[PDB]
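One file, target35.pdb, is given below (PDB, C-alpha atoms).
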```
ATOM      1  CA  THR A  13      15.921  19.053   7.985  1.00  0.00           C
ATOM      2  CA  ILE A  14      12.896  16.820   8.815  1.00  0.00           C
ATOM      3  CA  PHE A  15      14.276  14.239  11.284  1.00  0.00           C
ATOM      4  CA  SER A  16      15.692  14.931  14.769  1.00  0.00           C
ATOM      5  CA  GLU A  17      18.996  13.412  16.085  1.00  0.00           C
ATOM      6  CA  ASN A  18      17.255  10.347  17.622  1.00  0.00           C
ATOM      7  CA  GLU A  19      14.818   9.780  14.698  1.00  0.00           C
ATOM      8  CA  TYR A  20      17.638   9.963  12.100  1.00  0.00           C
ATOM      9  CA  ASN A  21      19.668   7.214  13.808  1.00  0.00           C
ATOM     10  CA  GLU A  22      16.678   4.887  14.221  1.00  0.00           C
ATOM     11  CA  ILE A  23      15.673   5.310  10.512  1.00  0.00           C
ATOM     12  CA  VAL A  24      19.254   4.349   9.545  1.00  0.00           C
ATOM     13  CA  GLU A  25      18.741   1.060  11.486  1.00  0.00           C
ATOM     14  CA  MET A  26      15.518   0.368   9.547  1.00  0.00           C
ATOM     15  CA  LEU A  27      17.230   1.141   6.227  1.00  0.00           C
ATOM     16  CA  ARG A  28      19.996  -1.372   6.931  1.00  0.00           C
ATOM     17  CA  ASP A  29      17.394  -4.001   8.018  1.00  0.00           C
ATOM     18  CA  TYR A  30      15.437  -3.313   4.806  1.00  0.00           C
ATOM     19  CA  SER A  31      18.427  -4.369   2.606  1.00  0.00           C
ATOM     20  CA  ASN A  32      19.256  -7.269   4.986  1.00  0.00           C
ATOM     21  CA  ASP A  34      14.415 -10.253   3.253  1.00  0.00           C
ATOM     22  CA  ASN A  35      10.856  -9.529   2.033  1.00  0.00           C
ATOM     23  CA  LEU A  36      10.819  -6.522   4.402  1.00  0.00           C
ATOM     24  CA  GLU A  37       9.528  -3.276   2.831  1.00  0.00           C
ATOM     25  CA  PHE A  38      10.112   0.448   3.508  1.00  0.00           C
ATOM     26  CA  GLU A  39       7.217   2.921   3.297  1.00  0.00           C
ATOM     27  CA  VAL A  40       7.007   6.589   4.366  1.00  0.00           C
ATOM     28  CA  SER A  41       3.241   7.254   4.870  1.00  0.00           C
ATOM     29  CA  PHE A  42       1.888  10.839   4.573  1.00  0.00           C
ATOM     30  CA  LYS A  43      -0.937  11.809   6.938  1.00  0.00           C
ATOM     31  CA  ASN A  44      -3.748  14.376   6.415  1.00  0.00           C
ATOM     32  CA  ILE A  45      -4.147  14.052   2.598  1.00  0.00           C
ATOM     33  CA  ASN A  46      -7.437  15.446   1.259  1.00  0.00           C
ATOM     34  CA  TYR A  47      -8.758  15.770  -2.329  1.00  0.00           C
ATOM     35  CA  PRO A  48      -6.913  19.027  -3.212  1.00  0.00           C
ATOM     36  CA  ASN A  49      -3.688  17.408  -1.923  1.00  0.00           C
ATOM     37  CA  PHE A  50      -4.313  14.190  -3.896  1.00  0.00           C
ATOM     38  CA  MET A  51      -5.011  15.963  -7.203  1.00  0.00           C
ATOM     39  CA  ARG A  52      -2.070  18.388  -6.747  1.00  0.00           C
ATOM     40  CA  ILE A  53       0.437  15.487  -6.236  1.00  0.00           C
ATOM     41  CA  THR A  54      -1.056  13.641  -9.255  1.00  0.00           C
ATOM     42  CA  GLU A  55      -0.846  16.723 -11.498  1.00  0.00           C
ATOM     43  CA  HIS A  56       2.720  17.601 -10.458  1.00  0.00           C
ATOM     44  CA  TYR A  57       4.121  14.101 -10.875  1.00  0.00           C
ATOM     45  CA  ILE A  58       2.337  13.592 -14.229  1.00  0.00           C
ATOM     46  CA  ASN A  59       4.297  16.588 -15.646  1.00  0.00           C
ATOM     47  CA  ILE A  60       7.797  15.625 -14.481  1.00  0.00           C
ATOM     48  CA  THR A  61       7.573  11.782 -14.634  1.00  0.00           C
ATOM     49  CA  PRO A  62       8.010  10.133 -18.107  1.00  0.00           C
ATOM     50  CA  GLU A  63       5.051   8.098 -19.514  1.00  0.00           C
ATOM     51  CA  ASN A  64       7.140   4.873 -19.203  1.00  0.00           C
ATOM     52  CA  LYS A  65       7.528   5.394 -15.434  1.00  0.00           C
ATOM     53  CA  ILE A  66       3.809   6.056 -14.675  1.00  0.00           C
ATOM     54  CA  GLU A  67       1.465   3.184 -13.738  1.00  0.00           C
ATOM     55  CA  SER A  68      -2.321   3.756 -13.568  1.00  0.00           C
ATOM     56  CA  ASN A  69      -4.458   1.018 -11.870  1.00  0.00           C
ATOM     57  CA  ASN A  70      -8.064   0.457 -10.633  1.00  0.00           C
ATOM     58  CA  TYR A  71      -8.511  -2.479  -8.247  1.00  0.00           C
ATOM     59  CA  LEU A  72     -10.109  -4.092  -5.167  1.00  0.00           C
ATOM     60  CA  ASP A  73      -8.003  -5.004  -2.083  1.00  0.00           C
ATOM     61  CA  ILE A  74      -9.482  -7.805   0.008  1.00  0.00           C
ATOM     62  CA  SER A  75      -7.684  -7.935   3.371  1.00  0.00           C
ATOM     63  CA  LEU A  76      -8.261 -10.837   5.788  1.00  0.00           C
ATOM     64  CA  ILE A  77      -7.019  -9.997   9.327  1.00  0.00           C
ATOM     65  CA  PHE A  78      -6.084 -12.918  11.626  1.00  0.00           C
ATOM     66  CA  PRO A  79      -6.173 -13.018  15.528  1.00  0.00           C
ATOM     67  CA  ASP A  80      -2.380 -12.473  15.754  1.00  0.00           C
ATOM     68  CA  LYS A  81      -2.868  -9.301  13.610  1.00  0.00           C
ATOM     69  CA  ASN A  82      -1.208 -10.367  10.296  1.00  0.00           C
ATOM     70  CA  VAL A  83      -2.875  -9.754   6.930  1.00  0.00           C
ATOM     71  CA  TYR A  84      -3.557 -11.900   3.847  1.00  0.00           C
ATOM     72  CA  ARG A  85      -4.227  -9.526   0.956  1.00  0.00           C
ATOM     73  CA  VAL A  86      -5.474 -10.283  -2.555  1.00  0.00           C
ATOM     74  CA  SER A  87      -5.569  -7.506  -5.208  1.00  0.00           C
ATOM     75  CA  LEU A  88      -8.076  -8.142  -8.058  1.00  0.00           C
ATOM     76  CA  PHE A  89      -7.086  -6.030 -11.113  1.00  0.00           C
ATOM     77  CA  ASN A  90      -9.661  -7.181 -13.685  1.00  0.00           C
ATOM     78  CA  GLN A  91     -12.891  -5.167 -13.553  1.00  0.00           C
ATOM     79  CA  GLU A  92     -14.757  -8.269 -14.767  1.00  0.00           C
ATOM     80  CA  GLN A  93     -13.401 -10.243 -11.790  1.00  0.00           C
ATOM     81  CA  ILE A  94     -14.179  -7.399  -9.323  1.00  0.00           C
ATOM     82  CA  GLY A  95     -17.788  -7.337 -10.620  1.00  0.00           C
ATOM     83  CA  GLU A  96     -18.134 -11.140 -10.366  1.00  0.00           C
ATOM     84  CA  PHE A  97     -16.812 -11.002  -6.783  1.00  0.00           C
ATOM     85  CA  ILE A  98     -19.193  -8.195  -5.630  1.00  0.00           C
ATOM     86  CA  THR A  99     -22.266  -9.998  -7.007  1.00  0.00           C
ATOM     87  CA  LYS A 100     -21.439 -13.555  -5.858  1.00  0.00           C
ATOM     88  CA  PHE A 101     -20.380 -12.698  -2.281  1.00  0.00           C
ATOM     89  CA  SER A 102     -22.531  -9.676  -1.265  1.00  0.00           C
ATOM     90  CA  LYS A 103     -24.885 -12.021   0.671  1.00  0.00           C
ATOM     91  CA  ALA A 104     -22.317 -14.730   1.647  1.00  0.00           C
ATOM     92  CA  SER A 105     -20.718 -15.430   5.037  1.00  0.00           C
ATOM     93  CA  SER A 106     -17.227 -14.230   6.010  1.00  0.00           C
ATOM     94  CA  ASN A 107     -15.969 -17.854   6.248  1.00  0.00           C
ATOM     95  CA  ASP A 108     -17.148 -18.486   2.657  1.00  0.00           C
ATOM     96  CA  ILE A 109     -15.362 -15.239   1.536  1.00  0.00           C
ATOM     97  CA  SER A 110     -12.036 -15.904   3.335  1.00  0.00           C
ATOM     98  CA  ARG A 111     -11.855 -19.546   2.098  1.00  0.00           C
ATOM     99  CA  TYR A 112     -12.311 -18.278  -1.459  1.00  0.00           C
ATOM    100  CA  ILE A 113      -9.769 -15.429  -1.084  1.00  0.00           C
ATOM    101  CA  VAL A 114      -7.150 -17.918   0.129  1.00  0.00           C
ATOM    102  CA  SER A 115      -8.088 -20.422  -2.631  1.00  0.00           C
ATOM    103  CA  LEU A 116      -7.007 -17.992  -5.397  1.00  0.00           C
ATOM    104  CA  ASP A 117      -3.761 -18.650  -7.298  1.00  0.00           C
ATOM    105  CA  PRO A 118      -1.638 -15.588  -8.279  1.00  0.00           C
ATOM    106  CA  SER A 119      -2.322 -14.395 -11.858  1.00  0.00           C
ATOM    107  CA  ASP A 120      -1.209 -11.043 -13.367  1.00  0.00           C
ATOM    108  CA  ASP A 121      -4.689  -9.852 -12.431  1.00  0.00           C
ATOM    109  CA  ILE A 122      -4.447 -11.459  -8.980  1.00  0.00           C
ATOM    110  CA  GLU A 123      -1.695 -10.058  -6.709  1.00  0.00           C
ATOM    111  CA  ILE A 124      -1.219 -11.812  -3.328  1.00  0.00           C
ATOM    112  CA  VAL A 125       0.789 -10.718  -0.263  1.00  0.00           C
ATOM    113  CA  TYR A 126       0.993 -12.081   3.333  1.00  0.00           C
ATOM    114  CA  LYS A 127       2.250  -9.816   6.150  1.00  0.00           C
ATOM    115  CA  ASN A 128       4.010 -11.079   9.344  1.00  0.00           C
ATOM    116  CA  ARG A 129       3.153  -8.628  12.168  1.00  0.00           C
ATOM    117  CA  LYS A 133       8.250  -1.503  13.102  1.00  0.00           C
ATOM    118  CA  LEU A 134       6.747   2.025  13.158  1.00  0.00           C
ATOM    119  CA  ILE A 135       8.237   5.541  13.725  1.00  0.00           C
ATOM    120  CA  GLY A 136       6.084   8.676  13.795  1.00  0.00           C
ATOM    121  CA  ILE A 137       7.905  11.967  13.053  1.00  0.00           C
ATOM    122  CA  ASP A 138       7.177  14.780  15.528  1.00  0.00           C
ATOM    123  CA  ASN A 139       6.420  18.032  13.674  1.00  0.00           C
ATOM    124  CA  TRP A 140       5.889  16.488  10.247  1.00  0.00           C
ATOM    125  CA  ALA A 141       2.818  14.631   8.999  1.00  0.00           C
ATOM    126  CA  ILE A 142       4.789  11.456   8.193  1.00  0.00           C
ATOM    127  CA  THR A 143       5.159   7.937   9.553  1.00  0.00           C
ATOM    128  CA  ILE A 144       7.930   5.489   8.586  1.00  0.00           C
ATOM    129  CA  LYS A 145       6.720   1.880   8.520  1.00  0.00           C
ATOM    130  CA  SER A 146       8.676  -1.291   7.858  1.00  0.00           C
ATOM    131  CA  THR A 147       6.699  -4.544   7.609  1.00  0.00           C
ATOM    132  CA  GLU A 148       7.671  -7.994   6.313  1.00  0.00           C
ATOM    133  CA  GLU A 149       5.513  -8.559   3.239  1.00  0.00           C
ATOM    134  CA  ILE A 150       5.831 -12.006   1.633  1.00  0.00           C
ATOM    135  CA  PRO A 151       4.538 -12.020  -1.966  1.00  0.00           C
ATOM    136  CA  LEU A 152       3.218 -15.236  -3.603  1.00  0.00           C
ATOM    137  CA  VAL A 153       4.303 -14.562  -7.212  1.00  0.00           C
ATOM    138  CA  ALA A 154       3.684 -17.894  -9.127  1.00  0.00           C
ATOM    139  CA  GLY A 155       6.750 -17.995 -11.368  1.00  0.00           C
ATOM    140  CA  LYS A 156       8.727 -18.754  -8.210  1.00  0.00           C
ATOM    141  CA  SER A 157       7.848 -20.984  -5.209  1.00  0.00           C
ATOM    142  CA  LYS A 158       4.906 -19.977  -2.995  1.00  0.00           C
ATOM    143  CA  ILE A 159       5.008 -20.013   0.806  1.00  0.00           C
ATOM    144  CA  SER A 160       2.558 -21.837   3.141  1.00  0.00           C
ATOM    145  CA  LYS A 161      -0.911 -20.212   3.367  1.00  0.00           C
ATOM    146  CA  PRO A 162      -2.548 -19.359   6.793  1.00  0.00           C
ATOM    147  CA  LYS A 163      -5.175 -21.360   8.722  1.00  0.00           C
ATOM    148  CA  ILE A 164      -8.806 -20.196   8.635  1.00  0.00           C
ATOM    149  CA  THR A 165     -10.399 -20.454  12.113  1.00  0.00           C
ATOM    150  CA  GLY A 166     -13.475 -18.618  10.889  1.00  0.00           C
ATOM    151  CA  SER A 167     -13.016 -15.647  13.251  1.00  0.00           C
ATOM    152  CA  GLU A 168     -11.100 -13.574  10.633  1.00  0.00           C
ATOM    153  CA  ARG A 169     -11.743  -9.862   9.919  1.00  0.00           C
ATOM    154  CA  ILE A 170     -12.200  -8.677   6.344  1.00  0.00           C
ATOM    155  CA  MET A 171     -11.569  -5.165   5.007  1.00  0.00           C
ATOM    156  CA  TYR A 172     -12.464  -4.360   1.388  1.00  0.00           C
ATOM    157  CA  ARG A 173     -10.731  -1.409  -0.279  1.00  0.00           C
ATOM    158  CA  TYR A 174     -11.569  -0.136  -3.806  1.00  0.00           C
ATOM    159  CA  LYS A 175      -8.441   1.707  -4.929  1.00  0.00           C
ATOM    160  CA  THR A 176      -7.360   4.001  -7.769  1.00  0.00           C
ATOM    161  CA  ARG A 177      -3.543   4.032  -7.516  1.00  0.00           C
ATOM    162  CA  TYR A 178      -1.142   6.252  -9.485  1.00  0.00           C
ATOM    163  CA  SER A 179       2.439   4.910  -9.230  1.00  0.00           C
ATOM    164  CA  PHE A 180       5.186   7.358 -10.155  1.00  0.00           C
ATOM    165  CA  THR A 181       8.714   5.940 -10.280  1.00  0.00           C
ATOM    166  CA  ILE A 182      11.023   8.895  -9.505  1.00  0.00           C
ATOM    167  CA  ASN A 183      14.522   7.324  -9.540  1.00  0.00           C
ATOM    168  CA  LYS A 184      15.806   3.751  -9.905  1.00  0.00           C
ATOM    169  CA  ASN A 185      15.240   3.242  -6.148  1.00  0.00           C
ATOM    170  CA  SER A 186      12.027   5.076  -5.162  1.00  0.00           C
ATOM    171  CA  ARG A 187       8.313   5.188  -5.990  1.00  0.00           C
ATOM    172  CA  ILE A 188       5.490   7.667  -5.135  1.00  0.00           C
ATOM    173  CA  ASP A 189       2.049   6.114  -4.591  1.00  0.00           C
ATOM    174  CA  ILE A 190      -1.001   8.412  -4.330  1.00  0.00           C
ATOM    175  CA  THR A 191      -4.171   6.366  -3.988  1.00  0.00           C
ATOM    176  CA  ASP A 192      -7.914   7.165  -3.900  1.00  0.00           C
ATOM    177  CA  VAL A 193      -9.317   4.647  -1.365  1.00  0.00           C
ATOM    178  CA  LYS A 194     -12.889   3.548  -0.500  1.00  0.00           C
ATOM    179  CA  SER A 195     -12.579   1.498   2.732  1.00  0.00           C
ATOM    180  CA  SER A 196     -15.441  -0.569   4.111  1.00  0.00           C
ATOM    181  CA  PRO A 197     -15.821  -3.604   6.433  1.00  0.00           C
ATOM    182  CA  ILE A 198     -18.624  -5.130   4.226  1.00  0.00           C
ATOM    183  CA  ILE A 199     -19.175  -5.484   0.412  1.00  0.00           C
ATOM    184  CA  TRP A 200     -22.403  -3.471  -0.041  1.00  0.00           C
ATOM    185  CA  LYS A 201     -22.306   0.128  -1.417  1.00  0.00           C
ATOM    186  CA  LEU A 202     -18.473  -0.029  -1.370  1.00  0.00           C
ATOM    187  CA  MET A 203     -18.147   1.977  -4.567  1.00  0.00           C
ATOM    188  CA  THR A 204     -20.466   4.677  -3.089  1.00  0.00           C
ATOM    189  CA  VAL A 205     -18.464   4.987   0.183  1.00  0.00           C
ATOM    190  CA  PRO A 206     -16.653   8.392   0.683  1.00  0.00           C
ATOM    191  CA  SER A 207     -13.031   8.464  -0.451  1.00  0.00           C
ATOM    192  CA  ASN A 208      -9.946   8.403   1.785  1.00  0.00           C
ATOM    193  CA  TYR A 209      -6.818   9.902   0.237  1.00  0.00           C
ATOM    194  CA  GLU A 210      -3.427   8.249   0.840  1.00  0.00           C
ATOM    195  CA  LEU A 211       0.127   9.239  -0.103  1.00  0.00           C
ATOM    196  CA  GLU A 212       3.239   7.053   0.239  1.00  0.00           C
ATOM    197  CA  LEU A 213       6.918   7.086  -0.776  1.00  0.00           C
ATOM    198  CA  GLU A 214       7.880   3.441  -1.252  1.00  0.00           C
ATOM    199  CA  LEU A 215      11.510   2.295  -1.631  1.00  0.00           C
ATOM    200  CA  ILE A 216      12.070  -0.330  -4.338  1.00  0.00           C
ATOM    201  CA  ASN A 217      15.787  -0.524  -3.415  1.00  0.00           C
ATOM    202  CA  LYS A 218      17.779   0.789  -0.407  1.00  0.00           C
ATOM    203  CA  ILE A 219      19.043   4.438  -0.248  1.00  0.00           C
ATOM    204  CA  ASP A 220      20.897   7.024   1.856  1.00  0.00           C
ATOM    205  CA  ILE A 221      18.824   8.782   4.588  1.00  0.00           C
ATOM    206  CA  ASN A 222      19.913  12.181   3.248  1.00  0.00           C
ATOM    207  CA  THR A 223      18.551  11.208  -0.195  1.00  0.00           C
ATOM    208  CA  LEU A 224      15.323  10.170   1.612  1.00  0.00           C
ATOM    209  CA  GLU A 225      15.256  13.594   3.376  1.00  0.00           C
ATOM    210  CA  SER A 226      15.485  15.353  -0.028  1.00  0.00           C
ATOM    211  CA  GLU A 227      12.790  13.239  -1.686  1.00  0.00           C
ATOM    212  CA  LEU A 228      10.481  13.900   1.281  1.00  0.00           C
ATOM    213  CA  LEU A 229      11.225  17.636   1.125  1.00  0.00           C
ATOM    214  CA  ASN A 230      10.187  17.569  -2.555  1.00  0.00           C
ATOM    215  CA  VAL A 231       6.794  16.046  -1.647  1.00  0.00           C
ATOM    216  CA  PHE A 232       6.272  18.529   1.199  1.00  0.00           C
ATOM    217  CA  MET A 233       6.607  21.512  -1.158  1.00  0.00           C
ATOM    218  CA  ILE A 234       3.490  20.321  -3.020  1.00  0.00           C
ATOM    219  CA  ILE A 235       1.388  19.322   0.048  1.00  0.00           C
ATOM    220  CA  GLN A 236       1.836  22.658   1.846  1.00  0.00           C
TER     221      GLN A 236
END
```
Do you think you could lay out the structure here as structure tokens?
Amino acid sequence: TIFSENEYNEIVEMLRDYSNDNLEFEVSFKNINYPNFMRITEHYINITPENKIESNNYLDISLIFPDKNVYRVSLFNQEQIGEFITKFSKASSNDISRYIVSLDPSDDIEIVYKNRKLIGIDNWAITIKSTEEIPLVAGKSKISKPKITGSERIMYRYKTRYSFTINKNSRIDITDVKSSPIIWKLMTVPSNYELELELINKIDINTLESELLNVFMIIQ
């Protein structure tokens, strides 16, 4: 047992709201270092079939607006990441945000616009987050893009994500992150290690408890 009486009940109300929308469900794991990262990657590589593993290297450009919502583009092509780093390393933030918004979604360009719940578990290093994430897919209709006042905040994140699909409803995401507010020496910046259990489809809280207990056996 991981959740208390009052945490359990509140997670059940987030699970129902998740299936009722572009709203996502993510259980974020705190205090992940390099030995943790590599131990999760090794363990999941052994038990997860090759057709359920997804290896990706990319750059996450996040524009943060005054009302705190994020516009995030994910550039998957290394050629495009390199062309970005060289053309904008000396440019203004207004020039960079106007370009990031100008991009149309390709297979190599993945766009998502957030619109704003958070629960932190007491004695466990986890945090349940539920945020409305609107993807602009381009094979379906795209929603209205946000207004650029010029006072936006940009956060660049070079990521090396390993996506392990466990069941038909859940997905483990262990990522090697290099966060920086500017573009220079980004790929030289020390690495942050992040672990997340993402739900692709809605599930029972007891099934969530089990899947979290599995991950905790490897971390500890």
Q) Which polymer residues have any atom within 12 Å of an atom of residue 112 of chain A, counting only C-alpha atoms, with same-chain residues fewer than 4 positions away left out, as an NGL selection string? A) :A and (74 or 76 or 86 or 97 or 100-101 or 104-108 or 116-117 or 164)
Q: Have a look at A:221, A:184, A:145, A:179 and name the one nearest to residue 133 of chain A; count all atoms listed in the file.
A: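 For residue 133 of chain A, the nearest of the given residues is A:145.
For the pair atom CA of residue 198 of chain A and atom CA of residue 93 of chain A, the separation is 17.6 Å.
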Q | Residues within 8 Å of residue 202 of chain A, all atoms listed in the file, excluding chain neighbours under 3 positions, as a ChimeraX atom specification | A | /A:172-174,194-196,198-199,205
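Here atom CA of residue 163 of chain A and atom CA of residue 151 of chain A stand 17.2 Å from one another.
Our summary of the geometry notes that atom CA of residue 43 of chain A is positioned 5.9 Å from atom CA of residue 142 of chain A.
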Q. Got a sec to resolve the PyMOL selection byres ((chain A and resi 168) around 10) on this structure and send the residues as a PyMOL selection string?
A. chain A and resi 75-79+81+83+106-107+110+163-167+169-170
(Q) Can you translate the PyMOL selection byres ((chain A and resi 14) around 12) into the concrete residues it hits in this file, as an NGL selection string? (A) :A and (13 or 15-20 or 23 or 136-143 or 221-222 or 224-230 or 232)
Write the residues you've just listed into a file as a PDB file, in the coordinates of the input, and include C-alpha atoms for each of them.
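What follows is the written file selection19.pdb:
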```
ATOM      1  CA  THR A  13      15.921  19.053   7.985  1.00  0.00           C
ATOM      2  CA  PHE A  15      14.276  14.239  11.284  1.00  0.00           C
ATOM      3  CA  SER A  16      15.692  14.931  14.769  1.00  0.00           C
ATOM      4  CA  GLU A  17      18.996  13.412  16.085  1.00  0.00           C
ATOM      5  CA  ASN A  18      17.255  10.347  17.622  1.00  0.00           C
ATOM      6  CA  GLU A  19      14.818   9.780  14.698  1.00  0.00           C
ATOM      7  CA  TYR A  20      17.638   9.963  12.100  1.00  0.00           C
ATOM      8  CA  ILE A  23      15.673   5.310  10.512  1.00  0.00           C
ATOM      9  CA  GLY A 136       6.084   8.676  13.795  1.00  0.00           C
ATOM     10  CA  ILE A 137       7.905  11.967  13.053  1.00  0.00           C
ATOM     11  CA  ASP A 138       7.177  14.780  15.528  1.00  0.00           C
ATOM     12  CA  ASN A 139       6.420  18.032  13.674  1.00  0.00           C
ATOM     13  CA  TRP A 140       5.889  16.488  10.247  1.00  0.00           C
ATOM     14  CA  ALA A 141       2.818  14.631   8.999  1.00  0.00           C
ATOM     15  CA  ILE A 142       4.789  11.456   8.193  1.00  0.00           C
ATOM     16  CA  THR A 143       5.159   7.937   9.553  1.00  0.00           C
ATOM     17  CA  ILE A 221      18.824   8.782   4.588  1.00  0.00           C
ATOM     18  CA  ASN A 222      19.913  12.181   3.248  1.00  0.00           C
ATOM     19  CA  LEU A 224      15.323  10.170   1.612  1.00  0.00           C
ATOM     20  CA  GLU A 225      15.256  13.594   3.376  1.00  0.00           C
ATOM     21  CA  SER A 226      15.485  15.353  -0.028  1.00  0.00           C
ATOM     22  CA  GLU A 227      12.790  13.239  -1.686  1.00  0.00           C
ATOM     23  CA  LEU A 228      10.481  13.900   1.281  1.00  0.00           C
ATOM     24  CA  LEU A 229      11.225  17.636   1.125  1.00  0.00           C
ATOM     25  CA  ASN A 230      10.187  17.569  -2.555  1.00  0.00           C
ATOM     26  CA  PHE A 232       6.272  18.529   1.199  1.00  0.00           C
TER      27      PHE A 232
END
```
Q: List the residues selected by the PyMOL selection byres ((chain A and resi 45) around 12) in the file shown, writing them as a PyMOL selection string.
A: chain A and resi 41-44+46-53+141-142+190-193+207-212+231-232+234-236
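Within the 9 Å cut-off around residue 185 of chain A, using only C-alpha atoms and omitting residues fewer than 4 positions from it on the same chain, the listed residues are residues 181, 214, 215, 216, 217, 218 and 219 of chain A.
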Q | Pick from A:127, A:122, A:98, A:40 nearest to residue 27 of chain A, counting all atoms listed in the file | A | A:40
Q. For residue 178 of chain A, which residue among A:114, A:213, A:203, A:88 is the nearest when counting all atoms listed in the file?
A. A:213
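With all atoms listed in the file as the atoms that count, the minimum distance from residue 63 of chain A to the choices A:150, A:31, A:180, A:197 is reached by A:180.
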Q.
I'd like to know which of A:220, A:80, A:67, A:123 is closest to residue 182 of chain A, using all atoms listed in the file.
A. A:67
Some atoms are missing, so please complete segment 146-157 of chain A with N, CA, C and O atoms and return it as an mmCIF file, in the coordinates of the input.
```cif
data_model
loop_
_atom_site.group_PDB
_atom_site.id
_atom_site.type_symbol
_atom_site.label_atom_id
_atom_site.label_comp_id
_atom_site.auth_asym_id
_atom_site.auth_seq_id
_atom_site.Cartn_x
_atom_site.Cartn_y
_atom_site.Cartn_z
ATOM 1 N N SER A 146 7.910 -0.201 8.440
ATOM 2 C CA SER A 146 8.676 -1.291 7.858
ATOM 3 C C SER A 146 7.990 -2.575 8.317
ATOM 4 O O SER A 146 7.916 -2.861 9.517
ATOM 5 N N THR A 147 7.408 -3.285 7.353
ATOM 6 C CA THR A 147 6.699 -4.544 7.609
ATOM 7 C C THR A 147 7.194 -5.643 6.666
ATOM 8 O O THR A 147 7.597 -5.354 5.533
ATOM 9 N N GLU A 148 7.247 -6.882 7.159
ATOM 10 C CA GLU A 148 7.671 -7.994 6.313
ATOM 11 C C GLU A 148 6.464 -8.437 5.495
ATOM 12 O O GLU A 148 5.448 -8.861 6.043
ATOM 13 N N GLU A 149 6.562 -8.214 4.187
ATOM 14 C CA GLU A 149 5.513 -8.559 3.239
ATOM 15 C C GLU A 149 6.012 -9.636 2.283
ATOM 16 O O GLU A 149 6.878 -9.377 1.435
ATOM 17 N N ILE A 150 5.474 -10.846 2.450
ATOM 18 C CA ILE A 150 5.831 -12.006 1.633
ATOM 19 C C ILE A 150 4.913 -12.167 0.407
ATOM 20 O O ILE A 150 3.735 -12.518 0.553
ATOM 21 N N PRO A 151 5.417 -11.848 -0.807
ATOM 22 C CA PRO A 151 4.538 -12.020 -1.966
ATOM 23 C C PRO A 151 4.533 -13.468 -2.494
ATOM 24 O O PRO A 151 5.506 -14.207 -2.306
ATOM 25 N N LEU A 152 3.376 -13.906 -2.995
ATOM 26 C CA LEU A 152 3.218 -15.236 -3.603
ATOM 27 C C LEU A 152 3.086 -14.853 -5.080
ATOM 28 O O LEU A 152 2.035 -14.382 -5.518
ATOM 29 N N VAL A 153 4.199 -14.975 -5.807
ATOM 30 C CA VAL A 153 4.303 -14.562 -7.212
ATOM 31 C C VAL A 153 3.821 -15.523 -8.321
ATOM 32 O O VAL A 153 3.231 -15.055 -9.312
ATOM 33 N N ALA A 154 4.039 -16.838 -8.142
ATOM 34 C CA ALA A 154 3.684 -17.894 -9.127
ATOM 35 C C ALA A 154 4.477 -17.729 -10.437
ATOM 36 O O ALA A 154 3.981 -17.250 -11.468
ATOM 37 N N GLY A 155 5.751 -18.074 -10.313
ATOM 38 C CA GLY A 155 6.750 -17.995 -11.368
ATOM 39 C C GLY A 155 8.026 -18.219 -10.571
ATOM 40 O O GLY A 155 9.155 -18.092 -11.066
ATOM 41 N N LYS A 156 7.777 -18.475 -9.283
ATOM 42 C CA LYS A 156 8.727 -18.754 -8.210
ATOM 43 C C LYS A 156 7.881 -19.534 -7.192
ATOM 44 O O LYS A 156 6.648 -19.563 -7.304
ATOM 45 N N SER A 157 8.536 -20.189 -6.232
ATOM 46 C CA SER A 157 7.848 -20.984 -5.209
ATOM 47 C C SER A 157 7.021 -20.137 -4.243
ATOM 48 O O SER A 157 7.414 -19.020 -3.879
#
```
